[PDB]
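Below you'll find only one chain, the form deposited in one PDB entry, shown as structure tokens.
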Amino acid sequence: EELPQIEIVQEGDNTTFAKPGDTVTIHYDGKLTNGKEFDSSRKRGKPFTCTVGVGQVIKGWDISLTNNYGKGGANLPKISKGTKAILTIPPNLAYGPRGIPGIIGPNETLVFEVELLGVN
């Protein structure tokens, strides 16, 4: 079963974990596998707040931030509040064959360097 890959750069508090319906606040840089940046909250000067686990972000983000809607998965570490991680998300858990014209091409793997600042 398809899952994003998660590299834990530095662990957070190891006790606060988002569940579906929670709001999270996160800084990120989104790049293609070739290092070309397609988006970033940091250059925007403000972190990104979203509701997780309910399809209001790409599935790869939902799975990563909620640890597969609480179900976990093989080699899928939990991301606690304060954690720095790198999420690598296959196209089927992102924008698929369709992509986003002029921003993300077809069947693109996305790499997000993230810091989870807040959970609820």
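Numbering starts at 1 and runs along the sequence shown.
A second form of this protein, the form solved in complex with a small molecule, is not displayed here; the remarks below concern that form.
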Closest heavy atom of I58 to the small molecule in the deposited complex, within 4.5 Å or not? yes
Is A85 a contact residue for the small molecule in the deposited complex, using a 4.5 Å heavy atom cut-off? no
Heavy atom to heavy atom, is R42 within 4.5 Å of the small molecule in the deposited complex? no
Test of understanding: in the deposited complex, would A94 fall inside 4.5 Å of the small molecule by heavy atoms? yes
